[PDB]
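These notes concern the structure reproduced below.
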Amino acid sequence: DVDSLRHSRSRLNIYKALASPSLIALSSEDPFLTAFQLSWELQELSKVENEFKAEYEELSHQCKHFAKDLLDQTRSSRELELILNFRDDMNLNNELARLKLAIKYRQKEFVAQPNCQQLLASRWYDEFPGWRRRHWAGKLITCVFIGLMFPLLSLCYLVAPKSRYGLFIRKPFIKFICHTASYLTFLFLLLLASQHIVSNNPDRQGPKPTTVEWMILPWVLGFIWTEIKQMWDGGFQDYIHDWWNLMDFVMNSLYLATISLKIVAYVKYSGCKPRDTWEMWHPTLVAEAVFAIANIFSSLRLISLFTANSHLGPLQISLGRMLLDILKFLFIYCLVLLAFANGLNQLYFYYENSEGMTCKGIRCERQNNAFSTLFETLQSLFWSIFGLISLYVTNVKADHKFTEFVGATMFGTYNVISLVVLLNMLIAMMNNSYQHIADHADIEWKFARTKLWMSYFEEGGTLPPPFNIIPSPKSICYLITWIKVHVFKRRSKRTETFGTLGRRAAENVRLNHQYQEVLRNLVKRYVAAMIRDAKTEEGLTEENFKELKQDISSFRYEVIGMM
Amino acid sequence: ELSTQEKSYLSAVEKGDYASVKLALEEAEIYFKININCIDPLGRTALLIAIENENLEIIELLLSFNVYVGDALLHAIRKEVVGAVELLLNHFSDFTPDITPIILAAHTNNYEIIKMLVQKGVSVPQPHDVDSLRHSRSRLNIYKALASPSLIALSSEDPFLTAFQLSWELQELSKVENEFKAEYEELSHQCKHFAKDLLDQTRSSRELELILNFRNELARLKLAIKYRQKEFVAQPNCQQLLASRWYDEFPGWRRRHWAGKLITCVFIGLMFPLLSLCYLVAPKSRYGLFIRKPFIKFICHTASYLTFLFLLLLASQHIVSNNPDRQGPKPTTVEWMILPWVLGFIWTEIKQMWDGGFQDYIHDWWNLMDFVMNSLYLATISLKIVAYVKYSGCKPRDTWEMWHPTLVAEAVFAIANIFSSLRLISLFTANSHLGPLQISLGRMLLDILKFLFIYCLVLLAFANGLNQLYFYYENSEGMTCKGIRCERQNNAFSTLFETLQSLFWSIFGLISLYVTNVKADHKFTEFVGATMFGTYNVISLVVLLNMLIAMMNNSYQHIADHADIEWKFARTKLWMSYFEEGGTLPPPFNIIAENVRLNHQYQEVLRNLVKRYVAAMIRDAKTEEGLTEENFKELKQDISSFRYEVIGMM
Amino acid sequence: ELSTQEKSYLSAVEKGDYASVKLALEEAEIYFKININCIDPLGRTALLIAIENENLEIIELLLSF
Ligand SMILES: CCCCCC(=O)OC[C@H](COP(=O)(O)O)OC(=O)CCCCC
Ligand SMILES: CCCCCC(=O)OC[C@H](COP(=O)(O)O)OC(=O)CCCCC
Ligand SMILES: CCCCCC(=O)OC[C@H](COP(=O)(O)O)OC(=O)CCCCC
Ligand SMILES: [Ca+2]
Ligand SMILES: [Ca+2]
C-alpha cells in the first residue's frame, strides 16, 4: 500500500459494515460469537490505528450493546441457561462456558444484564433459599458462624465429601466464606506474630521458628501452591493482566525470600548476641524486614473481597480505575522531584558538615545534612510534601547567606510546585476522571463481581489454603502420571485409557440444534424490537417535511390534470 | 417466506388503497392463491400494518373479512391508537406471555384506552419459582402496571393512599431484587410525583385542609412523613399551610427585617422560664397558651438547650469548680442545677422511645447520638455517687491512681459534653440558609463512613507491617514516658496500639520523623521502616484523601437537585414534632355519622381533585409530547388513502 | 356517561366532518334525542373539540346554533 488513507478508510468502512446489528441478524450463524470476536478485534485495533481510535472504540461499544440487547430478548430461564451454557464440544456440559468466554473478551456490559445476573445469584446461594430475610445482623451471624466453622467444615470435605457435609463447602458462597475466614485467620496470626507473648528472644541470631511461625508456614505454602495452580491455567496471559495477581505474586516471592533468609541464618548464626551489636546487613534483619513488607501486602490484599459487598464494590472499582491517572501524574511528580534534587545537591554539595552531627541524615532529631548528597536530597524532597521536614536544613555551617538564600528559594519553589500546583492539579484531574468513571461504575463493578464469583464456581481449589497443602487421598497417583510426560508414559493416555465408541455426538447434535433454535427466536425478537423501538422512535427531520410537502404537491398536480 | 401476488396486496394496505385491498380480499376467498393473514418480510400481518397507520377504514374491512386478529389488540394498545381499539374489542408472539391488554395499557399510561378496558371487566392480578426471569419480569410488569397514574385514577378509590402503600412496596422491594433496583426507583420515584401532582390540583385552602386532616388536625401529613413521601410535603401550597400554622398566634413575620427577626426571638428566649411556669401552673388565658403556639415552644425549647450548655461552659470554670484534690467530691452548685436537664432529656427520650418502639427511634441518626448523650450522663451520675461512697480522702491529684472513679467520671462527662454541644446542629434544620447546607452535608456523610472504612483498613495493613519490623526494638527503658505523645516521640512503632496511634497522627503531619530510627546502626532496618512509613502517607494522605475529595464532590452533585425538597422534608419533620400538644415543656420544667359525614364530604374533594388532574395531564403530556417518525408515516398514509380514493372514484 | 347517537356526533366534530355535524344540530331541534353540548368520556366539550383542532369552519357553525 503506497497510499494510506484509502486503505484506512476502506478498513473502517468494512468494520462499520459488518458491525451493524441488521447485518449480523442475516449472516452470522452465531451472532453472539460474531459480536464477541468483532468487539475484540475493534478494541485491539483501536490502538493499532491510534488515529481513528474514537471511531473504533465507538463501534466496539456499539457491538457490545448489540450483544447485551440480544441477550435481553430471552423470555424464559430455560431460554437463558442454554445461551450461557454452550460451547464447542469437539469430543473434548453446564458450567457456564459461554459466560466464561464473555468474561474472556472483556464483554463487561453483557454480564451486567439483569436476568443473567439473576441466574448467577441463584447459582451462588444454592445452599439456602432467600438470603433476603437477612438484615444488618441476620446475615452477619450466619456468616460469622461459618467463618468460625471452616476448620472441620473443610476437614469433612477433605476426608468424607460423600453426603454429610462435604457438599456443604462445595457450594459457592460457603466456599467464599471459608476462604475469607482462612485469610482473616492468617492476618490474625500475622498480627499476633508481633506480640511479645510468643516472640523469641531478640538477642538471638537466627532463632528457630516460633510456634506462631510454624502455624503461619502452611498458609505460605498454600498461597504459593494456589498461585502456581492459577498460573498453570492462564499461562502468564491473564495472570499478569490482573493487578491483584501481580500483588499477590510479589507477596509470595517475599515470603519465599523470608523462608530462605531465615533458614540460611539458622545454618550459621549461633545466636547469643545483643541486637545493638549486630553487624549491618545480617540475614535475620533482612529476613525480618522482608517479612514485614510481606505482611503489609498480605493485609492489603483483602481489599479484593470488597468487590463482593454491594457497597464497597463500586467504590473500590472507582479506586482502581483512577489509579492509572495517579501513576501518570506521579511520573511527572517524580521528574520534578529529580530536577529539584539535582539542583539542591549542586548547591549544598560542598557543605558536608559532619563534624558534630551525630547520626547524620534527614531522619535525625535535628534534620542535619538534608541536602549533602543525592540520596538524602531525594529523600528530603520526598518528605517535604508531607511537611515532616523542617527549615534550617537549608542553613550551612558558615555565614554564606547568599547560598542559604538561594537554597531556601529553590526549596520554596519546589514546595510551591508540589503542594500548591501539582497536588491541586492531581485533585482537579481525578475530579473529572471520577466524573467520567461513574457512568459505567455499576456495570463495571458487576463485571468485577462476576469475575470474583466465577473463581469460586468451579470445583477446583475448594480447599482454603491452610487445608490445601494437605495431600490428596491418592497423592501419588496424579503427580507421577503427570510427571510421566518426558518418557514413553506420555503417549499411554489416548490408546488404552480410551477404547470406547465415544457416543456423544447424537447428544451434541441435538444440543446444538436446540441452541440454534433459541438463537433464531432471539434474533427474530431482537429484529421485531429494533424496528418498532428505534426506527419509528427517532426524530422528524427536514427531509420528511419535504417528502410530505411533495406528496401533497403531486396530489394537487394530478387532481388538476384529471379535470 | 415471500411471494409476489400479495406483496402488492400487503403494500396496498400499507399505501392505504381501500379499493385494491377490498378486491384482493374478495379474490382471496374464491381463488385461494393469496394468504389473507400474510407476513411481511420484516414481519407485520396485514392487520398489524393497518393498526400502525391508524387506518380505521381498512381495519373494518380486514375485521369484517375474518382476518387472523392474533395479538393485534396488544399491538394496538402499545401504539395507543384509540380508534382501532373499539373495533378490535367489539369482535410465537412479540409480547411476553404474561402481558394482558390491561397490563400493557397501564404501561402506556393512556386514560382513553384504560377507561375503555376496565368497563369490560379486565382485572390486574395483584402481586404476591422454578424459573427465575418469568417471575421477576412478570412481577415488575404488574407493579409498573398498577403504579401508572392513569390506572390509579380509575380504580383505587383513595388515590393518595394507593400512591402511598405502593410507593412503600417498590422502595422496600428494590432492595430485595437488588438487580432490577434501577428499574424500581424508576417506579417508586414515579408514584412519589403522582401524589404531588394530584395534590397540586387543590384550588382553595378548604380543599387543602380536608386532604391533610383526614383519618382533627394534619391527619394525613403525619402519615406521609412515615412513608418518606418527601416529594409530597415539599409541595409549596401545602408548605404554606404549615408556616401559617407554625406562626399561629402572631400574624406577619414577613415584614420583619434582618434585625427585627432577632429582637423578638431573643426576647422570648429570655422569657422562657416565666413563659413555661405560666403554662406549668395555669394555662388559662394569659401566657400558658403562648407556649402552646408552635413557634414560641421552639424558641423556649431552643433557649433551654443554649442555657443548658451555658452551664457546661460554666462547669469547667475554676470559679464554680470544687477543690482540685477531692476523692469523690460533692456535686458543685452548677452541677446540681445541671441535673434537671439530664433528667429532662432522659424523660423526653424514654417518651420518644415509647412512641417509636425502637423501630422509628433507631431510624434517625440523631437519636443514636442523643442516646449516647444521655447514656453517658447516667455513667456520669452513677460514677459520682459511687465516688461519693467509700472514697473521700482529699489526696493530691498527682498520686491519684489511674482508673479512679472520679477520673472515669470526669472524662465520661466530658465526652457527653461534646455529644450535647454538637446536638444543637439539628436546630439548624430550620434556618433557611443553614438548612439546605446542613441536610446536604449529612446526605453525603455516609459516603465518608464508606471511605473511612478503607482508610481504617489500610491503616491496619501498615500497622501490621511497621510493628512487625520495629517490635524487637522496644527501648522502653531509658526514655521516660514511653509513649507517642511526648516531647521526643519515643518508639512510636513499638506495640500494636502504639502503631495504630502513630499512623493515625501521621495523616495530620503531627508525627515527626526519627520515630523511625532505632537505637543502633541498622540503617537498612530504619530505611525499610522509613519507606513503609513514607509509602503510607502517599497512599493515604495524598491519594486516599484526594479520592475522598473527588468522591464527595460527585456525591454532592447527585444530592443537589433534591437538596431543597429533602430539606423541607427535614424541616417539616422538625416542625411537626412541635405541633402536637405533647411534650410541650422545656427540659428543666419537664420533670415537674360522626365520621361518615366527614368521609362523604372528603370523597367529593378527591373526585373533583382527580378529575382536575386527568383533565390537566392530557393537556400537558398527550398534546405536548415530542413528534416522531411514526406520526410522519401516518400522514403519508393519510393522504395516500385519500388520493387513491378520489382518483379511484374518477 | 356514554351514549351512541352522540358518539358519531362527537366523532364527526373530531373527524372534522362539517357535512354530518350540521345535520345533527339541524336534527336536534325536531327530536331532542341528542345532546348538542355533551362531554366525551375523556372529558372535552363538543365545541371545545373544534377549539382544540383550530378548525374555524365548524366553530362558526357551533356558535351559530
Ligand atoms: C513560585 C515560586 C515563588 C517563590 C518562592 C520563594 O521561595 O520566595 C519567597 C520570597 C522570599 O522567601 P524565601 O526565598 O523562601 O526565603 O518571598 C516571596 O516573594 C513570597 C511570594 C509568595 C508567592 C506565592
Ligand atoms: C481512623 C481510626 C484510627 C484508630 C487509631 C486509634 O486507635 O487512636 C484513636 C484516634 C486517636 O487516638 P489516639 O489513640 O490517642 O491516637 O482517634 C480516632 O481515631 C478518632 C476517629 C473518629 C472519627 C470520627
Ligand atoms: C511520589 C514521589 C515518589 C518519589 C520517590 C522518592 O522520592 O524516593 C522514594 C522514597 C524512599 O525514601 P523514603 O522517604 O525513606 O521512603 O519514599 C518512597 O518510597 C515513596 C514511594 C511510594 C509511592 C507509592
Ligand atoms: Ca491470585
Ligand atoms: Ca430526642
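The chains in the C-alpha cells are called A, B, ... from first to last as shown; in each chain the residues are counted from 1, and the ligands are counted from 1 in the order shown.
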
Give one line per residue of chain B that approaches chain A to at most 7 Å, naming the two atoms of the closest pair and their distance in Å to one decimal, counting only C-alpha atoms; sort by chain then ascending residue number and deliver it as CSV.
```
residue,atom,partner,partner_atom,distance
B:94,CA,A:525,CA,6.8
B:96,CA,A:75,CA,6.9
B:131,CA,A:77,CA,5.3
B:132,CA,A:77,CA,5.8
B:133,CA,A:77,CA,5.7
B:134,CA,A:76,CA,5.8
B:176,CA,A:132,CA,5.9
B:179,CA,A:114,CA,5.8
B:180,CA,A:114,CA,6.5
B:450,CA,A:312,CA,7.0
B:458,CA,A:300,CA,6.4
B:461,CA,A:299,CA,4.7
B:462,CA,A:296,CA,5.4
B:464,CA,A:191,CA,5.8
B:465,CA,A:292,CA,4.8
B:466,CA,A:292,CA,6.8
B:467,CA,A:194,CA,6.8
B:468,CA,A:292,CA,5.2
B:469,CA,A:292,CA,5.7
B:471,CA,A:194,CA,6.6
B:472,CA,A:202,CA,5.9
B:509,CA,A:388,CA,6.1
B:512,CA,A:388,CA,5.9
B:513,CA,A:363,CA,5.7
B:514,CA,A:363,CA,5.0
B:520,CA,A:276,CA,5.2
B:521,CA,A:280,CA,6.9
B:522,CA,A:280,CA,5.5
B:525,CA,A:289,CA,6.7
B:528,CA,A:289,CA,6.9
B:546,CA,A:427,CA,5.9
B:550,CA,A:431,CA,4.7
B:554,CA,A:435,CA,6.7
B:627,CA,A:540,CA,6.6
B:628,CA,A:539,CA,4.9
B:629,CA,A:536,CA,5.2
B:630,CA,A:536,CA,5.0
B:636,CA,A:548,CA,6.5
B:643,CA,A:555,CA,6.7
```

Okay, now the selection with N, CA and C atoms, as an mmCIF file, in the first residue's frame?
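Contents of the output file part-v1.cif:
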```
data_model
loop_
_atom_site.group_PDB
_atom_site.id
_atom_site.type_symbol
_atom_site.label_atom_id
_atom_site.label_comp_id
_atom_site.auth_asym_id
_atom_site.auth_seq_id
_atom_site.Cartn_x
_atom_site.Cartn_y
_atom_site.Cartn_z
ATOM 1 N N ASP B 94 -45.009 -11.295 19.907
ATOM 2 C CA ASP B 94 -43.995 -10.299 20.233
ATOM 3 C C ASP B 94 -43.910 -10.067 21.737
ATOM 4 N N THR B 96 -44.389 -10.500 25.894
ATOM 5 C CA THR B 96 -44.213 -11.560 26.871
ATOM 6 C C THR B 96 -45.562 -12.224 27.144
ATOM 7 N N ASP B 131 -38.404 -21.227 37.623
ATOM 8 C CA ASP B 131 -37.739 -20.388 36.639
ATOM 9 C C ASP B 131 -37.682 -18.956 37.144
ATOM 10 N N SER B 132 -36.561 -18.296 36.876
ATOM 11 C CA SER B 132 -36.273 -17.029 37.529
ATOM 12 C C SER B 132 -36.942 -15.865 36.812
ATOM 13 N N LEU B 133 -36.673 -15.710 35.522
ATOM 14 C CA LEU B 133 -36.976 -14.463 34.838
ATOM 15 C C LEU B 133 -38.381 -14.400 34.259
ATOM 16 N N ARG B 134 -39.191 -15.446 34.394
ATOM 17 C CA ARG B 134 -40.612 -15.288 34.118
ATOM 18 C C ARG B 134 -41.395 -14.838 35.338
ATOM 19 N N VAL B 176 -34.748 -5.985 47.725
ATOM 20 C CA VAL B 176 -34.808 -7.440 47.679
ATOM 21 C C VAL B 176 -34.458 -7.974 46.290
ATOM 22 N N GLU B 179 -31.107 -6.045 41.629
ATOM 23 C CA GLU B 179 -30.535 -6.063 40.291
ATOM 24 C C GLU B 179 -31.466 -5.347 39.323
ATOM 25 N N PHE B 180 -32.765 -5.411 39.595
ATOM 26 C CA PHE B 180 -33.738 -4.516 38.999
ATOM 27 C C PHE B 180 -33.926 -3.262 39.831
ATOM 28 N N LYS B 450 -18.261 5.132 54.444
ATOM 29 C CA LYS B 450 -17.931 4.107 53.464
ATOM 30 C C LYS B 450 -16.481 4.194 53.020
ATOM 31 N N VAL B 458 -6.581 0.113 55.471
ATOM 32 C CA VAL B 458 -5.211 0.358 55.042
ATOM 33 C C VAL B 458 -4.353 0.714 56.243
ATOM 34 N N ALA B 461 -3.292 -2.304 57.680
ATOM 35 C CA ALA B 461 -2.336 -3.036 56.861
ATOM 36 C C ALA B 461 -0.910 -2.651 57.210
ATOM 37 N N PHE B 462 -0.628 -1.357 57.283
ATOM 38 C CA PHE B 462 0.734 -0.941 57.586
ATOM 39 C C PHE B 462 1.054 -1.111 59.062
ATOM 40 N N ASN B 464 0.060 -3.460 60.782
ATOM 41 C CA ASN B 464 0.504 -4.844 60.740
ATOM 42 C C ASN B 464 1.979 -4.914 60.374
ATOM 43 N N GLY B 465 2.407 -4.083 59.432
ATOM 44 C CA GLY B 465 3.766 -4.119 58.936
ATOM 45 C C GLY B 465 4.794 -3.454 59.824
ATOM 46 N N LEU B 466 4.685 -2.137 60.025
ATOM 47 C CA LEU B 466 5.728 -1.422 60.756
ATOM 48 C C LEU B 466 5.965 -2.023 62.128
ATOM 49 N N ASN B 467 4.918 -2.537 62.765
ATOM 50 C CA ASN B 467 5.108 -3.253 64.017
ATOM 51 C C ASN B 467 5.997 -4.468 63.825
ATOM 52 N N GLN B 468 5.736 -5.249 62.779
ATOM 53 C CA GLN B 468 6.452 -6.498 62.575
ATOM 54 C C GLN B 468 7.944 -6.278 62.415
ATOM 55 N N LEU B 469 8.354 -5.079 62.023
ATOM 56 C CA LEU B 469 9.767 -4.757 61.912
ATOM 57 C C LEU B 469 10.338 -4.228 63.219
ATOM 58 N N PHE B 471 9.207 -4.096 66.358
ATOM 59 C CA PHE B 471 8.801 -4.570 67.675
ATOM 60 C C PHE B 471 9.931 -5.230 68.438
ATOM 61 N N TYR B 472 11.021 -5.588 67.773
ATOM 62 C CA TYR B 472 12.170 -6.086 68.507
ATOM 63 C C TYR B 472 13.015 -4.969 69.100
ATOM 64 N N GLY B 509 0.383 15.163 59.838
ATOM 65 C CA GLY B 509 1.747 15.641 59.931
ATOM 66 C C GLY B 509 2.223 15.895 61.337
ATOM 67 N N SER B 512 6.542 13.617 64.026
ATOM 68 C CA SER B 512 7.826 13.956 63.461
ATOM 69 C C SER B 512 8.532 12.696 62.977
ATOM 70 N N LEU B 513 9.651 12.905 62.295
ATOM 71 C CA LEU B 513 10.486 11.793 61.876
ATOM 72 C C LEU B 513 11.294 11.326 63.072
ATOM 73 N N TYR B 514 12.336 10.540 62.827
ATOM 74 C CA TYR B 514 13.207 9.955 63.846
ATOM 75 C C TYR B 514 12.421 9.079 64.811
ATOM 76 N N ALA B 520 20.515 1.842 67.265
ATOM 77 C CA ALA B 520 21.619 1.051 66.732
ATOM 78 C C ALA B 520 21.967 1.619 65.361
ATOM 79 N N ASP B 521 22.811 0.904 64.619
ATOM 80 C CA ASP B 521 23.270 1.347 63.309
ATOM 81 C C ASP B 521 22.598 0.594 62.167
ATOM 82 N N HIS B 522 21.430 0.000 62.412
ATOM 83 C CA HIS B 522 20.760 -0.834 61.415
ATOM 84 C C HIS B 522 20.113 0.053 60.353
ATOM 85 N N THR B 525 17.361 -1.414 58.419
ATOM 86 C CA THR B 525 16.097 -1.582 59.126
ATOM 87 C C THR B 525 15.358 -0.259 59.252
ATOM 88 N N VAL B 528 14.010 0.652 55.453
ATOM 89 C CA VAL B 528 12.793 -0.062 55.088
ATOM 90 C C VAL B 528 11.660 0.334 56.019
ATOM 91 N N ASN B 546 -7.396 12.538 48.551
ATOM 92 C CA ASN B 546 -7.737 13.137 47.269
ATOM 93 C C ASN B 546 -8.889 12.397 46.608
ATOM 94 N N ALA B 550 -12.563 13.856 45.657
ATOM 95 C CA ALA B 550 -13.131 13.613 44.343
ATOM 96 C C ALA B 550 -14.382 12.757 44.394
ATOM 97 N N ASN B 554 -18.502 14.423 43.522
ATOM 98 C CA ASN B 554 -19.534 13.801 42.703
ATOM 99 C C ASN B 554 -20.788 13.537 43.523
ATOM 100 N N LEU B 627 -42.515 14.834 18.644
ATOM 101 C CA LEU B 627 -43.027 14.344 17.373
ATOM 102 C C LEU B 627 -42.018 13.364 16.795
ATOM 103 N N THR B 628 -42.503 12.213 16.335
ATOM 104 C CA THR B 628 -41.644 11.122 15.897
ATOM 105 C C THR B 628 -42.051 10.675 14.502
ATOM 106 N N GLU B 629 -41.235 9.791 13.918
ATOM 107 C CA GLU B 629 -41.483 9.364 12.544
ATOM 108 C C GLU B 629 -42.803 8.628 12.406
ATOM 109 N N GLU B 630 -43.193 7.859 13.423
ATOM 110 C CA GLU B 630 -44.437 7.102 13.339
ATOM 111 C C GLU B 630 -45.621 8.011 13.056
ATOM 112 N N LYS B 636 -48.463 10.446 5.441
ATOM 113 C CA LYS B 636 -48.352 9.901 4.094
ATOM 114 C C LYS B 636 -49.468 8.903 3.832
ATOM 115 N N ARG B 643 -55.779 10.085 -1.910
ATOM 116 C CA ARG B 643 -55.612 10.194 -3.355
ATOM 117 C C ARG B 643 -56.070 8.922 -4.055
#
```

What are the DSSP alpha helix (DSSP H) residues of chain C, as a PyMOL selection string?
chain C and resi 5-14+18-27+46-52+56-64

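Distance-wise, CA of residue 412 (chain B) and CA of residue 298 (chain B) end up 29.3 Å apart.
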
Can you tell me, as a PyMOL selection string, what residues are no more than 12 Å from region 23-39 of chain C when counting only C-alpha atoms, ignoring any on the same chain fewer than 2 positions away?
chain C and resi 1-13+17-21+41-49+58+61-65

Can I get the selected residues back with C-alpha atoms, as an mmCIF file, in the first residue's frame?
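File produced: part-v4.cif:
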```cif
data_model
loop_
_atom_site.group_PDB
_atom_site.id
_atom_site.type_symbol
_atom_site.label_atom_id
_atom_site.label_comp_id
_atom_site.auth_asym_id
_atom_site.auth_seq_id
_atom_site.Cartn_x
_atom_site.Cartn_y
_atom_site.Cartn_z
ATOM 1 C CA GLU C 1 -71.676 8.645 30.989
ATOM 2 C CA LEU C 2 -71.898 7.354 27.424
ATOM 3 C CA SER C 3 -74.308 7.026 24.514
ATOM 4 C CA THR C 4 -74.364 6.071 20.836
ATOM 5 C CA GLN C 5 -76.114 8.798 18.834
ATOM 6 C CA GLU C 6 -73.641 11.360 20.203
ATOM 7 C CA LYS C 7 -70.508 9.249 19.742
ATOM 8 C CA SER C 8 -70.866 9.602 15.975
ATOM 9 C CA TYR C 9 -71.760 13.258 16.527
ATOM 10 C CA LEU C 10 -68.663 13.731 18.676
ATOM 11 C CA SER C 11 -66.522 11.807 16.197
ATOM 12 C CA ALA C 12 -67.920 13.910 13.349
ATOM 13 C CA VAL C 13 -66.690 17.015 15.149
ATOM 14 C CA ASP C 17 -66.740 16.310 9.052
ATOM 15 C CA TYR C 18 -68.618 19.566 8.538
ATOM 16 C CA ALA C 19 -71.159 17.687 6.417
ATOM 17 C CA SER C 20 -72.581 15.419 9.119
ATOM 18 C CA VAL C 21 -72.322 17.789 12.075
ATOM 19 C CA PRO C 41 -65.594 10.143 28.321
ATOM 20 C CA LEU C 42 -62.061 11.558 28.434
ATOM 21 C CA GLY C 43 -63.714 14.945 29.025
ATOM 22 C CA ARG C 44 -63.911 17.556 26.253
ATOM 23 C CA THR C 45 -66.902 19.619 25.143
ATOM 24 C CA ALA C 46 -68.230 19.162 21.610
ATOM 25 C CA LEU C 47 -67.490 22.786 20.763
ATOM 26 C CA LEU C 48 -64.204 22.599 22.676
ATOM 27 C CA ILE C 49 -63.043 19.915 20.229
ATOM 28 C CA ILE C 58 -67.367 24.334 12.323
ATOM 29 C CA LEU C 61 -71.368 26.555 12.883
ATOM 30 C CA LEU C 62 -71.373 25.606 16.566
ATOM 31 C CA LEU C 63 -71.632 29.187 17.815
ATOM 32 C CA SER C 64 -74.334 29.789 15.208
ATOM 33 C CA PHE C 65 -76.609 27.072 16.632
#
```

What does the distance from CA of residue 144 (chain A) to CA of residue 458 (chain A) come to in Å, to one decimal?
23.7 Å

Counting only C-alpha atoms and all ligand atoms, the residue among B:541, B:303, B:151, B:378 that lies closest to ligand 3 is B:541

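Minimum atom-to-atom distances from B:10, B:62, B:116, B:445 to chain C were compared using only C-alpha atoms, and the lowest value belongs to B:116.
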
Using only C-alpha atoms and all ligand atoms, find each residue with an atom at most 10 Å away from ligand 1 and format the answer as number ranges by chain.
A: 394, 404-417, 420-421

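Omitting residue 220 (chain A) and its sequence neighbours fewer than 6 positions away, and counting only C-alpha atoms, the residues within 9 Å are residues 252, 255, 256, 465 and 466 of chain A.
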
Please identify all polymer residues within 12 Å of residue 444 (chain A), counting only C-alpha atoms, omitting same-chain residues fewer than 6 positions from it, and present them as a VMD selection string.
chain A and resid 103 106 to 113 307 313 to 318 320 to 321 437 to 438 450 to 451

Residues of chain B within 9 Å of chain C, counting only C-alpha atoms, as a compact mmCIF listing (two decimals) with C-alpha atoms, in the first residue's frame:
```txt
# COMPACT_ATOMS: atom_id res chain seq x y z
CA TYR B 111 -56.56 7.27 30.01
CA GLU B 112 -58.84 6.80 27.00
CA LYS B 115 -61.11 3.55 30.87
CA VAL B 614 -56.60 13.93 34.36
CA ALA B 615 -58.03 16.93 32.54
```

Among the residues A:105, A:349, A:457, A:243, the one that comes closest to ligand 4 [using only C-alpha atoms and all ligand atoms]
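With only C-alpha atoms and all ligand atoms as the atom set, the closest residue is A:243.
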
Can you work out which residues are within 9 Å of ligand 3, considering only C-alpha atoms and all ligand atoms, and then hand them over as a VMD selection string?
(chain A and resid 327 330 to 331 333 to 335 337 to 338 363 375 to 383 385) or (chain B and resid 526 to 539)

I need the residues from that last selection saved to file as a short mmCIF file (atom, residue, chain, number, x, y, z; two decimals), in the first residue's frame (with N, CA and C atoms), if you can.
```
data_model
loop_
_atom_site.label_atom_id
_atom_site.label_comp_id
_atom_site.auth_asym_id
_atom_site.auth_seq_id
_atom_site.Cartn_x
_atom_site.Cartn_y
_atom_site.Cartn_z
N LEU A 327 -0.79 7.27 38.60
CA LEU A 327 0.53 6.86 38.13
C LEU A 327 1.07 7.81 37.07
N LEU A 330 2.02 10.99 38.89
CA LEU A 330 3.14 10.74 39.78
C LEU A 330 4.44 10.61 39.00
N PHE A 331 4.38 10.20 37.74
CA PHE A 331 5.60 10.17 36.95
C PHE A 331 6.13 11.59 36.77
N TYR A 333 5.50 14.04 38.76
CA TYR A 333 5.89 14.48 40.09
C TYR A 333 7.31 14.00 40.40
N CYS A 334 7.62 12.77 40.01
CA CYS A 334 8.95 12.22 40.25
C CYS A 334 9.99 12.91 39.38
N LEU A 335 9.62 13.27 38.16
CA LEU A 335 10.54 14.02 37.31
C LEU A 335 10.89 15.37 37.94
N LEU A 337 10.71 16.12 41.06
CA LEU A 337 11.49 15.84 42.26
C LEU A 337 12.94 15.61 41.92
N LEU A 338 13.20 14.86 40.85
CA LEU A 338 14.57 14.63 40.42
C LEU A 338 15.24 15.92 39.99
N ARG A 363 16.57 11.94 58.68
CA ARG A 363 15.80 11.33 59.77
C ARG A 363 16.44 11.36 61.15
N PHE A 375 21.12 11.02 47.47
CA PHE A 375 20.11 10.19 48.12
C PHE A 375 19.36 10.97 49.20
N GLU A 376 20.10 11.64 50.09
CA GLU A 376 19.43 12.41 51.12
C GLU A 376 18.64 13.57 50.54
N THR A 377 19.06 14.11 49.40
CA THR A 377 18.27 15.18 48.80
C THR A 377 16.98 14.64 48.20
N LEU A 378 17.05 13.51 47.50
CA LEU A 378 15.84 12.83 47.06
C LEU A 378 14.90 12.61 48.23
N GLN A 379 15.45 12.12 49.33
CA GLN A 379 14.63 11.75 50.47
C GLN A 379 14.03 12.98 51.14
N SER A 380 14.83 14.04 51.30
CA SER A 380 14.33 15.27 51.89
C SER A 380 13.25 15.89 51.03
N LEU A 381 13.44 15.87 49.71
CA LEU A 381 12.42 16.42 48.83
C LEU A 381 11.17 15.57 48.85
N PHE A 382 11.29 14.28 49.16
CA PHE A 382 10.08 13.49 49.34
C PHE A 382 9.31 13.94 50.57
N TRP A 383 9.99 14.04 51.72
CA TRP A 383 9.29 14.29 52.97
C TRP A 383 8.65 15.66 53.01
N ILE A 385 6.87 17.20 51.00
CA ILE A 385 5.50 17.28 50.53
C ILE A 385 4.53 17.01 51.67
N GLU B 526 16.08 0.82 59.57
CA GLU B 526 15.45 2.13 59.58
C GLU B 526 14.92 2.49 58.20
N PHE B 527 15.71 2.25 57.15
CA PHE B 527 15.31 2.68 55.82
C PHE B 527 14.03 1.98 55.38
N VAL B 528 14.01 0.65 55.45
CA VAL B 528 12.79 -0.06 55.09
C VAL B 528 11.66 0.33 56.02
N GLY B 529 11.97 0.58 57.29
CA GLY B 529 10.97 1.11 58.19
C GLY B 529 10.48 2.48 57.76
N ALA B 530 11.41 3.35 57.36
CA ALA B 530 11.01 4.68 56.90
C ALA B 530 10.27 4.60 55.59
N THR B 531 10.66 3.67 54.72
CA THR B 531 9.97 3.50 53.45
C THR B 531 8.52 3.08 53.67
N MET B 532 8.29 2.12 54.56
CA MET B 532 6.92 1.71 54.85
C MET B 532 6.11 2.87 55.41
N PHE B 533 6.72 3.67 56.28
CA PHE B 533 6.06 4.86 56.78
C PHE B 533 5.74 5.81 55.64
N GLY B 534 6.73 6.09 54.79
CA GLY B 534 6.53 7.06 53.73
C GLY B 534 5.45 6.64 52.75
N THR B 535 5.52 5.40 52.28
CA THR B 535 4.51 4.93 51.35
C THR B 535 3.13 4.86 51.98
N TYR B 536 3.04 4.94 53.31
CA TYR B 536 1.73 5.02 53.93
C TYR B 536 1.12 6.40 53.73
N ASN B 537 1.91 7.46 53.90
CA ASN B 537 1.39 8.80 53.66
C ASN B 537 0.98 8.96 52.21
N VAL B 538 1.75 8.40 51.28
CA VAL B 538 1.42 8.54 49.87
C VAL B 538 0.08 7.90 49.57
N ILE B 539 -0.16 6.70 50.10
CA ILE B 539 -1.42 6.03 49.83
C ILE B 539 -2.57 6.76 50.50
#
```

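Taking only C-alpha atoms and all ligand atoms into account, the residues that come within 9 Å of ligand 4 are residues 223, 226, 227, 228, 230, 231, 239, 242, 244, 245, 246, 247, 248 and 249 of chain A.
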